Amino acid sequence: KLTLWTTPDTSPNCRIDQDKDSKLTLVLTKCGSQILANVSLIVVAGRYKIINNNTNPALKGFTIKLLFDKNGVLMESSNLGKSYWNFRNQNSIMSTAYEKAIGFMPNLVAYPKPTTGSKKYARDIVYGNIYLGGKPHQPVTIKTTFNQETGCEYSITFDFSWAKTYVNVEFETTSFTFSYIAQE
Amino acid sequence: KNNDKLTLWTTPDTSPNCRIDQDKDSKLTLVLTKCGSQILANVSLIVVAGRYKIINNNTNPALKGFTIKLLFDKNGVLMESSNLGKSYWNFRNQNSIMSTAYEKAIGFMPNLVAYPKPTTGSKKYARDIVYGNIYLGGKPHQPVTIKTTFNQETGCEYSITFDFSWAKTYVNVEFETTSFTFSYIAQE
Amino acid sequence: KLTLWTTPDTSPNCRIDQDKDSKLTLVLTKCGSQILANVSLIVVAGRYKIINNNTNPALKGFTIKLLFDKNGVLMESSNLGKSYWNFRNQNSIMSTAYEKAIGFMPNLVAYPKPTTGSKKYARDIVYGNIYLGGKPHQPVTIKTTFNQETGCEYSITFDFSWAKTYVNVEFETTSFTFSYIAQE
């Protein structure tokens with residue numbers, strides 16, 4: 001169907017450091033040649049759950065990677081658990097594994113895989129801000145990069161970073177919308 | 001027939017449809033376009049009259065925001081108690097609306113699993129918020145924050161709240177804004 | 001078709017200062033009443049390829065204009081080349097010029113053409129930020145304005161501007177998504 005998502009409940013589905021330490025809520029809606037993407041993050045456990053830059057002054061970011069094979073199937077090496085990622089069915093997911101989602105993959109001409117000696121253009125990046133706890137003075141950068149991972153046919157990489165000293169701040173975010181050019 | 005039941009909108013005209021401070025003091029231009037599981041939302045605000053038409057933070061140093069609330073019942077019907085007026089909030093027909101008031105728009109409502117109503121002692125997650133910026137008079141040095149919150153209002157089944165705020169001293173600045181696009185997860 | 005675009009390749013298609021000095025990657029996807037727009041810019045040659053505000057302290061922006069006739073056909077006077085602008089076919093364009101794209105045009109009631117004595121509202125503008133070289137400390141403002149150009153029925157204008165002193169910074173950008181209300 002036209003929506004590939006994580007069920008948007010708060011049940012953990014993602015490993016940043018350890019199994020099920022986070023809930024990535026990602027919704028990809030196919031509008032023909034463009035994927036409309038909506039993303040938020042809740043860290044439920046482990047070193048990123050509560051940021052304390054007094055205790056850890058160098059703790060300033062982390063990465064969640066979605067790696068896809070040539071059929072647009074999520075690879076086990078992804079931070080997002082494979083069992084949680086599927087076409088929408090009501091407020092859940094299809095009960096059976098999808099076989100193909102190439103129509104949701106980032107376009108390889110728009111966003112080529114990195115090669116040695118190739119001119120690397122920034123158009124495979126989208127920057128956004130999201131806010132911890134919905135507080136306007138707790139921005140974090142969410143940088144989304146398309147097809148820059150090795151060992152896959154396609155990738156969506158979320159780099160989360162911050163440039164303020166956050167003390168005892170739960171890492172759970174507002175939402176950000178972006179789009180990207182679809183492979184087909 | 002030209003009924004577009006994949007668009008719930010305030011027509012794109014500049015006819016006032018909203019009360020911030022007084023009846024019909026503003027045009028909230030809000031277009032909700034259903035792209036299946038996601039609503040693509042486009043918003044701007046024109047304050048046409050009343051206290052918030054012209055911001056003067058010399059005269060009113062504490063005036064740094066205001067709120068527009070859309071409250072919906074269980075059928076996604078806008079409640080009369082909302083800031084937004086009901087009469088031209090409807091499914092699209094060309095540059096106007098469907099000839100009768102809609103009875104159901106649950107497909108345009110913010111998803112209650114994604115954006116649960118608050119209950120006493122409930123863990124509040126921020127993912128029911130989207131932040132954006134719009135600019136007064138289209139001037140790059142006149143930013144205002146538009147914070148959109150889903151389903152956080154009491155006495156309704158769904159809600160979309162727009163909190164406008166600014167963090168600069170605006171002196172004799174007309175409150176009429178650039179547009180901002182966001183999306184949210186649809187209830188169905 | 002539901003996508004009007006520049007192919008997603010890096011082949012120059014746009015004149016900022018001189019013919020083919022830039023690749024504007026612009027994808028307009030019709031989602032009913034709204035056009036979902038995705039934009040990035042690569043300057044490949046001429047005065048805007050490498051910004052040096054030490055040498056050129058007044059170089060703080062430039063404009064790319066798409067002018068359309070009453071049928072939503074791109075006019076030759078546009079910065080974007082006409083041969084590069086068409087309905088999608090896979091990763092390329094239809095080989096034959098489109099005759100009608102009014103469904104992709106910015107709504108004239110939402111975004112009226114300027115007239116003397118008529119109140120000009122800012123809602124025909126969307127602001128965004130993109131980043132030169134994908135570097136978070138190299139923001140540029142991309143201001144998009146609907147239907148404000150003379151000598152056309154519809155227009156999309158991209159005003160690029162910056163306030164920072166950029167020294168030897170290549171003008172090639174991250175991507176930005178916005179939407180606008182469609183004429184029909």
# chains A, B, ... in the order shown; residues from 1 in each chain; ligands from 1
$ closest_atom_pairs --of "chain C" --to "chain A" --cutoff "12 Å" --atoms "only C-alpha atoms" --output "JSON lines"
{"residue": "C:1", "atom": "CA", "partner": "A:32", "partner_atom": "CA", "distance": 9.3}
{"residue": "C:2", "atom": "CA", "partner": "A:32", "partner_atom": "CA", "distance": 6.7}
{"residue": "C:3", "atom": "CA", "partner": "A:33", "partner_atom": "CA", "distance": 6.3}
{"residue": "C:4", "atom": "CA", "partner": "A:33", "partner_atom": "CA", "distance": 9.3}
{"residue": "C:5", "atom": "CA", "partner": "A:33", "partner_atom": "CA", "distance": 9.4}
{"residue": "C:6", "atom": "CA", "partner": "A:110", "partner_atom": "CA", "distance": 10.7}
{"residue": "C:7", "atom": "CA", "partner": "A:110", "partner_atom": "CA", "distance": 8.4}
{"residue": "C:8", "atom": "CA", "partner": "A:110", "partner_atom": "CA", "distance": 4.7}
{"residue": "C:9", "atom": "CA", "partner": "A:109", "partner_atom": "CA", "distance": 5.8}
{"residue": "C:10", "atom": "CA", "partner": "A:110", "partner_atom": "CA", "distance": 8.1}
{"residue": "C:11", "atom": "CA", "partner": "A:109", "partner_atom": "CA", "distance": 11.2}
{"residue": "C:23", "atom": "CA", "partner": "A:123", "partner_atom": "CA", "distance": 11.0}
{"residue": "C:24", "atom": "CA", "partner": "A:123", "partner_atom": "CA", "distance": 10.6}
{"residue": "C:25", "atom": "CA", "partner": "A:110", "partner_atom": "CA", "distance": 8.7}
{"residue": "C:26", "atom": "CA", "partner": "A:181", "partner_atom": "CA", "distance": 10.0}
{"residue": "C:27", "atom": "CA", "partner": "A:181", "partner_atom": "CA", "distance": 7.8}
{"residue": "C:28", "atom": "CA", "partner": "A:34", "partner_atom": "CA", "distance": 8.6}
{"residue": "C:29", "atom": "CA", "partner": "A:34", "partner_atom": "CA", "distance": 6.6}
{"residue": "C:30", "atom": "CA", "partner": "A:31", "partner_atom": "CA", "distance": 7.7}
{"residue": "C:31", "atom": "CA", "partner": "A:31", "partner_atom": "CA", "distance": 6.4}
{"residue": "C:32", "atom": "CA", "partner": "A:31", "partner_atom": "CA", "distance": 9.9}
{"residue": "C:34", "atom": "CA", "partner": "A:31", "partner_atom": "CA", "distance": 11.0}
{"residue": "C:35", "atom": "CA", "partner": "A:31", "partner_atom": "CA", "distance": 10.1}
{"residue": "C:36", "atom": "CA", "partner": "A:34", "partner_atom": "CA", "distance": 7.9}
{"residue": "C:37", "atom": "CA", "partner": "A:179", "partner_atom": "CA", "distance": 8.5}
{"residue": "C:38", "atom": "CA", "partner": "A:179", "partner_atom": "CA", "distance": 7.0}
{"residue": "C:39", "atom": "CA", "partner": "A:123", "partner_atom": "CA", "distance": 8.6}
{"residue": "C:40", "atom": "CA", "partner": "A:123", "partner_atom": "CA", "distance": 6.0}
{"residue": "C:41", "atom": "CA", "partner": "A:123", "partner_atom": "CA", "distance": 7.7}
{"residue": "C:42", "atom": "CA", "partner": "A:121", "partner_atom": "CA", "distance": 7.9}
{"residue": "C:43", "atom": "CA", "partner": "A:121", "partner_atom": "CA", "distance": 10.8}
{"residue": "C:44", "atom": "CA", "partner": "A:121", "partner_atom": "CA", "distance": 11.2}
{"residue": "C:87", "atom": "CA", "partner": "A:33", "partner_atom": "CA", "distance": 10.6}
{"residue": "C:88", "atom": "CA", "partner": "A:33", "partner_atom": "CA", "distance": 8.3}
{"residue": "C:89", "atom": "CA", "partner": "A:184", "partner_atom": "CA", "distance": 9.5}
{"residue": "C:90", "atom": "CA", "partner": "A:184", "partner_atom": "CA", "distance": 6.3}
{"residue": "C:91", "atom": "CA", "partner": "A:109", "partner_atom": "CA", "distance": 7.5}
{"residue": "C:92", "atom": "CA", "partner": "A:109", "partner_atom": "CA", "distance": 10.3}
{"residue": "C:128", "atom": "CA", "partner": "A:128", "partner_atom": "CA", "distance": 10.4}
{"residue": "C:129", "atom": "CA", "partner": "A:127", "partner_atom": "CA", "distance": 8.5}
{"residue": "C:130", "atom": "CA", "partner": "A:127", "partner_atom": "CA", "distance": 7.5}
{"residue": "C:131", "atom": "CA", "partner": "A:127", "partner_atom": "CA", "distance": 8.0}
{"residue": "C:132", "atom": "CA", "partner": "A:122", "partner_atom": "CA", "distance": 7.4}
{"residue": "C:133", "atom": "CA", "partner": "A:122", "partner_atom": "CA", "distance": 5.3}
{"residue": "C:134", "atom": "CA", "partner": "A:122", "partner_atom": "CA", "distance": 4.9}
{"residue": "C:135", "atom": "CA", "partner": "A:122", "partner_atom": "CA", "distance": 8.6}
{"residue": "C:136", "atom": "CA", "partner": "A:127", "partner_atom": "CA", "distance": 8.1}
{"residue": "C:137", "atom": "CA", "partner": "A:163", "partner_atom": "CA", "distance": 11.6}
{"residue": "C:138", "atom": "CA", "partner": "A:127", "partner_atom": "CA", "distance": 11.7}
{"residue": "C:139", "atom": "CA", "partner": "A:127", "partner_atom": "CA", "distance": 10.2}
{"residue": "C:170", "atom": "CA", "partner": "A:121", "partner_atom": "CA", "distance": 10.4}
{"residue": "C:171", "atom": "CA", "partner": "A:122", "partner_atom": "CA", "distance": 10.1}
{"residue": "C:172", "atom": "CA", "partner": "A:122", "partner_atom": "CA", "distance": 6.6}
{"residue": "C:173", "atom": "CA", "partner": "A:122", "partner_atom": "CA", "distance": 5.5}
{"residue": "C:174", "atom": "CA", "partner": "A:123", "partner_atom": "CA", "distance": 4.3}
{"residue": "C:175", "atom": "CA", "partner": "A:123", "partner_atom": "CA", "distance": 5.1}
{"residue": "C:176", "atom": "CA", "partner": "A:126", "partner_atom": "CA", "distance": 6.7}
{"residue": "C:177", "atom": "CA", "partner": "A:178", "partner_atom": "CA", "distance": 5.9}
{"residue": "C:178", "atom": "CA", "partner": "A:178", "partner_atom": "CA", "distance": 8.4}
{"residue": "C:179", "atom": "CA", "partner": "A:179", "partner_atom": "CA", "distance": 10.6}
$ calpha_fit_and_write --fixed "chain C" --moving "chain A" --output "PDB file with C-alpha atoms, in the first residue's frame"
ATOM      1  CA  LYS A   1       1.094  12.527 -14.665  1.00  0.00           C
ATOM      2  CA  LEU A   2       1.419  13.506 -10.968  1.00  0.00           C
ATOM      3  CA  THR A   3       5.138  14.578 -10.944  1.00  0.00           C
ATOM      4  CA  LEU A   4       6.552  17.610 -12.768  1.00  0.00           C
ATOM      5  CA  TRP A   5      10.328  17.729 -12.258  1.00  0.00           C
ATOM      6  CA  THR A   6      13.864  18.337 -13.394  1.00  0.00           C
ATOM      7  CA  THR A   7      15.586  14.963 -13.847  1.00  0.00           C
ATOM      8  CA  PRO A   8      17.556  14.756 -10.540  1.00  0.00           C
ATOM      9  CA  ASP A   9      21.016  14.102 -12.101  1.00  0.00           C
ATOM     10  CA  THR A  10      23.717  16.879 -11.799  1.00  0.00           C
ATOM     11  CA  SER A  11      23.484  18.041 -15.478  1.00  0.00           C
ATOM     12  CA  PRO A  12      23.080  21.871 -15.489  1.00  0.00           C
ATOM     13  CA  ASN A  13      19.574  23.091 -16.492  1.00  0.00           C
ATOM     14  CA  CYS A  14      19.442  26.704 -15.201  1.00  0.00           C
ATOM     15  CA  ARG A  15      20.882  30.215 -15.831  1.00  0.00           C
ATOM     16  CA  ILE A  16      21.355  32.480 -12.757  1.00  0.00           C
ATOM     17  CA  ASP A  17      23.897  34.722 -14.554  1.00  0.00           C
ATOM     18  CA  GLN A  18      24.895  32.687 -17.675  1.00  0.00           C
ATOM     19  CA  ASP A  19      23.515  29.701 -19.645  1.00  0.00           C
ATOM     20  CA  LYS A  20      23.817  26.365 -17.756  1.00  0.00           C
ATOM     21  CA  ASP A  21      25.631  27.845 -14.703  1.00  0.00           C
ATOM     22  CA  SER A  22      23.413  25.808 -12.299  1.00  0.00           C
ATOM     23  CA  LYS A  23      21.414  22.612 -11.653  1.00  0.00           C
ATOM     24  CA  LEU A  24      18.082  23.422  -9.988  1.00  0.00           C
ATOM     25  CA  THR A  25      16.639  20.072  -8.802  1.00  0.00           C
ATOM     26  CA  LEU A  26      12.923  20.794  -8.406  1.00  0.00           C
ATOM     27  CA  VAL A  27      10.272  18.073  -7.915  1.00  0.00           C
ATOM     28  CA  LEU A  28       6.572  19.046  -7.800  1.00  0.00           C
ATOM     29  CA  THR A  29       4.272  16.168  -6.842  1.00  0.00           C
ATOM     30  CA  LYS A  30       0.516  16.775  -7.091  1.00  0.00           C
ATOM     31  CA  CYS A  31      -1.324  15.579  -3.936  1.00  0.00           C
ATOM     32  CA  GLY A  32      -4.774  16.869  -5.030  1.00  0.00           C
ATOM     33  CA  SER A  33      -5.209  20.518  -3.874  1.00  0.00           C
ATOM     34  CA  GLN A  34      -1.542  20.729  -2.693  1.00  0.00           C
ATOM     35  CA  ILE A  35       1.745  20.502  -4.605  1.00  0.00           C
ATOM     36  CA  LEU A  36       4.486  18.836  -2.529  1.00  0.00           C
ATOM     37  CA  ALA A  37       7.738  20.546  -3.592  1.00  0.00           C
ATOM     38  CA  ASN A  38      11.310  19.400  -3.043  1.00  0.00           C
ATOM     39  CA  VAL A  39      14.159  21.730  -4.065  1.00  0.00           C
ATOM     40  CA  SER A  40      17.968  21.891  -4.038  1.00  0.00           C
ATOM     41  CA  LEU A  41      20.555  23.863  -6.037  1.00  0.00           C
ATOM     42  CA  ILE A  42      24.055  23.171  -7.410  1.00  0.00           C
ATOM     43  CA  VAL A  43      25.875  26.161  -8.990  1.00  0.00           C
ATOM     44  CA  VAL A  44      28.374  24.610 -11.486  1.00  0.00           C
ATOM     45  CA  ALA A  45      29.842  27.817 -13.055  1.00  0.00           C
ATOM     46  CA  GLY A  46      30.017  31.628 -12.980  1.00  0.00           C
ATOM     47  CA  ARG A  47      29.991  34.200 -10.176  1.00  0.00           C
ATOM     48  CA  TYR A  48      27.835  32.108  -7.723  1.00  0.00           C
ATOM     49  CA  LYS A  49      29.800  28.801  -8.006  1.00  0.00           C
ATOM     50  CA  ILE A  50      32.322  29.670  -5.248  1.00  0.00           C
ATOM     51  CA  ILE A  51      31.207  32.381  -2.795  1.00  0.00           C
ATOM     52  CA  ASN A  52      34.019  34.573  -1.451  1.00  0.00           C
ATOM     53  CA  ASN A  53      32.632  37.384   0.749  1.00  0.00           C
ATOM     54  CA  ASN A  54      36.225  38.557   1.455  1.00  0.00           C
ATOM     55  CA  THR A  55      36.599  39.366  -2.290  1.00  0.00           C
ATOM     56  CA  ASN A  56      32.869  40.282  -2.706  1.00  0.00           C
ATOM     57  CA  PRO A  57      31.519  41.449   0.684  1.00  0.00           C
ATOM     58  CA  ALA A  58      28.159  42.556  -0.921  1.00  0.00           C
ATOM     59  CA  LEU A  59      27.486  39.170  -2.711  1.00  0.00           C
ATOM     60  CA  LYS A  60      24.590  37.955  -0.498  1.00  0.00           C
ATOM     61  CA  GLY A  61      21.956  36.416  -2.813  1.00  0.00           C
ATOM     62  CA  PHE A  62      20.408  35.720  -6.211  1.00  0.00           C
ATOM     63  CA  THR A  63      17.103  34.678  -7.716  1.00  0.00           C
ATOM     64  CA  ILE A  64      15.832  31.782  -9.846  1.00  0.00           C
ATOM     65  CA  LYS A  65      12.397  32.406 -11.446  1.00  0.00           C
ATOM     66  CA  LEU A  66       9.930  29.928 -13.009  1.00  0.00           C
ATOM     67  CA  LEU A  67       7.397  31.908 -15.099  1.00  0.00           C
ATOM     68  CA  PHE A  68       4.355  30.009 -16.484  1.00  0.00           C
ATOM     69  CA  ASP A  69       1.729  30.876 -19.089  1.00  0.00           C
ATOM     70  CA  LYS A  70      -2.040  30.255 -18.718  1.00  0.00           C
ATOM     71  CA  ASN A  71      -1.503  26.488 -19.542  1.00  0.00           C
ATOM     72  CA  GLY A  72       1.181  26.104 -16.815  1.00  0.00           C
ATOM     73  CA  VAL A  73       3.864  25.843 -19.562  1.00  0.00           C
ATOM     74  CA  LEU A  74       7.278  27.218 -18.478  1.00  0.00           C
ATOM     75  CA  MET A  75       8.143  30.472 -20.298  1.00  0.00           C
ATOM     76  CA  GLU A  76      11.538  30.961 -22.028  1.00  0.00           C
ATOM     77  CA  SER A  77      12.172  34.066 -19.782  1.00  0.00           C
ATOM     78  CA  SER A  78      12.491  31.660 -16.773  1.00  0.00           C
ATOM     79  CA  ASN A  79      15.955  30.982 -15.323  1.00  0.00           C
ATOM     80  CA  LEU A  80      15.199  27.217 -15.617  1.00  0.00           C
ATOM     81  CA  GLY A  81      15.718  25.896 -19.195  1.00  0.00           C
ATOM     82  CA  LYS A  82      12.385  24.765 -20.780  1.00  0.00           C
ATOM     83  CA  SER A  83      13.885  21.561 -22.275  1.00  0.00           C
ATOM     84  CA  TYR A  84      14.651  20.251 -18.692  1.00  0.00           C
ATOM     85  CA  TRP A  85      11.182  20.693 -17.177  1.00  0.00           C
ATOM     86  CA  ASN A  86       8.557  17.996 -17.778  1.00  0.00           C
ATOM     87  CA  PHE A  87       6.479  15.177 -16.308  1.00  0.00           C
ATOM     88  CA  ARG A  88       8.576  12.329 -14.847  1.00  0.00           C
ATOM     89  CA  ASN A  89       9.333   9.211 -16.908  1.00  0.00           C
ATOM     90  CA  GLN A  90      11.325   6.691 -14.757  1.00  0.00           C
ATOM     91  CA  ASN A  91      14.475   8.688 -13.694  1.00  0.00           C
ATOM     92  CA  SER A  92      14.171  11.047 -16.696  1.00  0.00           C
ATOM     93  CA  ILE A  93      11.438  13.263 -18.231  1.00  0.00           C
ATOM     94  CA  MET A  94       8.785  12.607 -20.878  1.00  0.00           C
ATOM     95  CA  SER A  95      10.496  12.901 -24.314  1.00  0.00           C
ATOM     96  CA  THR A  96       7.715  15.289 -25.582  1.00  0.00           C
ATOM     97  CA  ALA A  97       6.749  18.805 -24.342  1.00  0.00           C
ATOM     98  CA  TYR A  98       3.763  18.874 -21.940  1.00  0.00           C
ATOM     99  CA  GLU A  99       0.762  20.953 -23.202  1.00  0.00           C
ATOM    100  CA  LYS A 100      -0.955  21.591 -19.811  1.00  0.00           C
ATOM    101  CA  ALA A 101       0.052  21.608 -16.109  1.00  0.00           C
ATOM    102  CA  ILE A 102      -2.535  24.009 -14.590  1.00  0.00           C
ATOM    103  CA  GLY A 103      -2.956  21.459 -11.719  1.00  0.00           C
ATOM    104  CA  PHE A 104       0.675  22.262 -10.675  1.00  0.00           C
ATOM    105  CA  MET A 105       0.287  26.062 -10.776  1.00  0.00           C
ATOM    106  CA  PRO A 106       0.116  28.111  -7.540  1.00  0.00           C
ATOM    107  CA  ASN A 107      -3.519  29.010  -6.775  1.00  0.00           C
ATOM    108  CA  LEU A 108      -4.249  32.631  -7.857  1.00  0.00           C
ATOM    109  CA  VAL A 109      -6.878  33.210  -5.099  1.00  0.00           C
ATOM    110  CA  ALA A 110      -4.376  31.978  -2.450  1.00  0.00           C
ATOM    111  CA  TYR A 111      -1.489  33.812  -4.200  1.00  0.00           C
ATOM    112  CA  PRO A 112      -2.792  36.728  -6.289  1.00  0.00           C
ATOM    113  CA  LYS A 113      -0.665  38.629  -8.838  1.00  0.00           C
ATOM    114  CA  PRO A 114       0.522  41.992  -7.426  1.00  0.00           C
ATOM    115  CA  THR A 115      -1.744  44.988  -8.274  1.00  0.00           C
ATOM    116  CA  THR A 116      -1.311  48.688  -7.310  1.00  0.00           C
ATOM    117  CA  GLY A 117      -3.601  49.496  -4.328  1.00  0.00           C
ATOM    118  CA  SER A 118      -4.177  45.799  -3.409  1.00  0.00           C
ATOM    119  CA  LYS A 119      -3.349  44.574   0.160  1.00  0.00           C
ATOM    120  CA  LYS A 120      -0.222  42.373  -0.296  1.00  0.00           C
ATOM    121  CA  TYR A 121      -0.343  39.386   2.148  1.00  0.00           C
ATOM    122  CA  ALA A 122       2.760  37.316   3.006  1.00  0.00           C
ATOM    123  CA  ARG A 123       0.940  33.956   2.669  1.00  0.00           C
ATOM    124  CA  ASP A 124       2.337  33.714  -0.940  1.00  0.00           C
ATOM    125  CA  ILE A 125       5.803  33.262   0.716  1.00  0.00           C
ATOM    126  CA  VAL A 126       7.445  30.197   2.271  1.00  0.00           C
ATOM    127  CA  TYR A 127      10.807  30.542   4.037  1.00  0.00           C
ATOM    128  CA  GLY A 128      13.253  27.675   4.436  1.00  0.00           C
ATOM    129  CA  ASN A 129      16.910  27.074   5.169  1.00  0.00           C
ATOM    130  CA  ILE A 130      19.297  24.961   3.163  1.00  0.00           C
ATOM    131  CA  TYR A 131      22.983  24.407   4.000  1.00  0.00           C
ATOM    132  CA  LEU A 132      25.983  24.842   1.696  1.00  0.00           C
ATOM    133  CA  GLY A 133      27.992  21.611   1.459  1.00  0.00           C
ATOM    134  CA  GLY A 134      25.575  20.080   4.019  1.00  0.00           C
ATOM    135  CA  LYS A 135      27.479  21.947   6.778  1.00  0.00           C
ATOM    136  CA  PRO A 136      25.243  23.027   9.691  1.00  0.00           C
ATOM    137  CA  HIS A 137      27.131  26.377  10.097  1.00  0.00           C
ATOM    138  CA  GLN A 138      26.626  27.354   6.387  1.00  0.00           C
ATOM    139  CA  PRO A 139      22.904  28.214   6.302  1.00  0.00           C
ATOM    140  CA  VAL A 140      21.326  30.061   3.386  1.00  0.00           C
ATOM    141  CA  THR A 141      17.746  31.284   3.246  1.00  0.00           C
ATOM    142  CA  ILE A 142      15.596  29.968   0.405  1.00  0.00           C
ATOM    143  CA  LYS A 143      12.544  32.214   0.099  1.00  0.00           C
ATOM    144  CA  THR A 144       9.847  30.870  -2.268  1.00  0.00           C
ATOM    145  CA  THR A 145       7.219  33.317  -3.539  1.00  0.00           C
ATOM    146  CA  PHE A 146       4.137  32.383  -5.617  1.00  0.00           C
ATOM    147  CA  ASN A 147       2.688  34.447  -8.485  1.00  0.00           C
ATOM    148  CA  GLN A 148       4.610  37.714  -7.732  1.00  0.00           C
ATOM    149  CA  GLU A 149       6.262  37.982 -11.215  1.00  0.00           C
ATOM    150  CA  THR A 150       4.865  40.218 -14.021  1.00  0.00           C
ATOM    151  CA  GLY A 151       4.707  39.005 -17.680  1.00  0.00           C
ATOM    152  CA  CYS A 152       3.242  35.573 -16.801  1.00  0.00           C
ATOM    153  CA  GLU A 153       0.013  33.946 -15.489  1.00  0.00           C
ATOM    154  CA  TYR A 154       1.817  32.059 -12.665  1.00  0.00           C
ATOM    155  CA  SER A 155       5.288  32.122 -11.096  1.00  0.00           C
ATOM    156  CA  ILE A 156       7.503  30.369  -8.552  1.00  0.00           C
ATOM    157  CA  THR A 157      10.411  32.584  -7.444  1.00  0.00           C
ATOM    158  CA  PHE A 158      13.357  31.258  -5.399  1.00  0.00           C
ATOM    159  CA  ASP A 159      15.308  34.050  -3.641  1.00  0.00           C
ATOM    160  CA  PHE A 160      18.563  32.654  -2.146  1.00  0.00           C
ATOM    161  CA  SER A 161      20.238  34.871   0.474  1.00  0.00           C
ATOM    162  CA  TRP A 162      22.791  34.557   3.268  1.00  0.00           C
ATOM    163  CA  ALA A 163      23.814  36.690   6.241  1.00  0.00           C
ATOM    164  CA  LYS A 164      27.269  35.139   6.990  1.00  0.00           C
ATOM    165  CA  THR A 165      30.674  35.870   5.396  1.00  0.00           C
ATOM    166  CA  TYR A 166      31.293  32.723   3.273  1.00  0.00           C
ATOM    167  CA  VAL A 167      34.875  32.340   2.039  1.00  0.00           C
ATOM    168  CA  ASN A 168      35.640  29.896  -0.818  1.00  0.00           C
ATOM    169  CA  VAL A 169      32.313  28.043  -0.236  1.00  0.00           C
ATOM    170  CA  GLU A 170      30.873  26.050  -3.172  1.00  0.00           C
ATOM    171  CA  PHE A 171      27.187  27.000  -3.637  1.00  0.00           C
ATOM    172  CA  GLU A 172      25.626  23.515  -3.594  1.00  0.00           C
ATOM    173  CA  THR A 173      22.829  22.882  -1.121  1.00  0.00           C
ATOM    174  CA  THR A 174      20.889  20.456   1.029  1.00  0.00           C
ATOM    175  CA  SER A 175      17.216  19.877   0.089  1.00  0.00           C
ATOM    176  CA  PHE A 176      14.078  21.655   1.366  1.00  0.00           C
ATOM    177  CA  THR A 177      10.450  20.492   1.152  1.00  0.00           C
ATOM    178  CA  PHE A 178       7.424  22.809   1.138  1.00  0.00           C
ATOM    179  CA  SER A 179       3.920  22.737  -0.323  1.00  0.00           C
ATOM    180  CA  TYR A 180       1.546  25.217  -1.934  1.00  0.00           C
ATOM    181  CA  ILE A 181      -2.139  25.381  -2.844  1.00  0.00           C
ATOM    182  CA  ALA A 182      -2.776  24.229  -6.440  1.00  0.00           C
ATOM    183  CA  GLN A 183      -4.808  26.323  -8.955  1.00  0.00           C
ATOM    184  CA  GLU A 184      -7.008  23.258  -9.737  1.00  0.00           C
TER     185      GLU A 184
END
$ atom_distance --atom1 "CA of residue 29 in chain B" --atom2 "CA of residue 100 in chain B"
20.0 Å
$ select_by_dssp --residues "range 10-184 of chain A" --states "strand (DSSP E or B)" --output "JSON, numbers by chain"
{"A": [14, 22, 23, 24, 25, 26, 27, 28, 29, 30, 31, 34, 35, 36, 37, 38, 39, 40, 41, 42, 43, 50, 51, 52, 61, 62, 63, 64, 65, 66, 67, 68, 74, 80, 85, 86, 87, 88, 89, 92, 93, 106, 125, 126, 127, 128, 129, 130, 131, 132, 139, 140, 141, 142, 143, 144, 145, 146, 154, 155, 156, 157, 158, 159, 160, 161, 167, 168, 169, 170, 172, 173, 176, 177, 178, 179, 180, 181, 182]}
$ closest_atom_pairs --of "chain B" --to "chain C" --cutoff "6 Å" --atoms "only C-alpha atoms" --output "JSON lines"
{"residue": "B:12", "atom": "CA", "partner": "C:110", "partner_atom": "CA", "distance": 4.7}
{"residue": "B:13", "atom": "CA", "partner": "C:109", "partner_atom": "CA", "distance": 5.9}
{"residue": "B:44", "atom": "CA", "partner": "C:123", "partner_atom": "CA", "distance": 5.9}
{"residue": "B:137", "atom": "CA", "partner": "C:122", "partner_atom": "CA", "distance": 5.3}
{"residue": "B:138", "atom": "CA", "partner": "C:122", "partner_atom": "CA", "distance": 4.9}
{"residue": "B:177", "atom": "CA", "partner": "C:122", "partner_atom": "CA", "distance": 5.3}
{"residue": "B:178", "atom": "CA", "partner": "C:123", "partner_atom": "CA", "distance": 4.2}
{"residue": "B:179", "atom": "CA", "partner": "C:123", "partner_atom": "CA", "distance": 5.1}
$ atom_distance --atom1 "CA of residue 27 in chain B" --atom2 "CA of residue 176 in chain B"
9.2 Å
$ select_by_dssp --residues "range 46-136 of chain A" --states "helix (DSSP H, G or I)" --output "list in words"
residues 82, 83, 84, 102, 103, 104, 122, 123 and 124 of chain A
$ atom_distance --atom1 "CA of residue 102 in chain B" --atom2 "CA of residue 78 in chain B"
9.6 Å
$ closest_residue --among "B:169, B:154, B:66, B:88" --to "residue 14 in chain B" --atoms "only C-alpha atoms"
B:88
$ residues_around --residues "residue 55 in chain B" --least-positions-apart "4" --cutoff "7 Å" --atoms "only C-alpha atoms" --output "number ranges by chain"
B: 170-175
$ residues_around --residues "residue 43 in chain B" --least-positions-apart "5" --cutoff "8 Å" --atoms "only C-alpha atoms" --output "PyMOL selection string"
chain B and resi 28-31+179-181
$ write_last_selection --atoms "C-alpha atoms" --output "short mmCIF file (atom, residue, chain, number, x, y, z; two decimals), in the first residue's frame"
data_model
loop_
_atom_site.label_atom_id
_atom_site.label_comp_id
_atom_site.auth_asym_id
_atom_site.auth_seq_id
_atom_site.Cartn_x
_atom_site.Cartn_y
_atom_site.Cartn_z
CA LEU B 28 -6.53 31.39 9.38
CA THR B 29 -5.76 29.83 5.96
CA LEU B 30 -5.51 26.13 6.75
CA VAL B 31 -5.44 23.43 4.06
CA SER B 179 3.01 30.01 5.05
CA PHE B 180 4.30 26.88 6.82
CA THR B 181 3.80 23.24 5.79
#
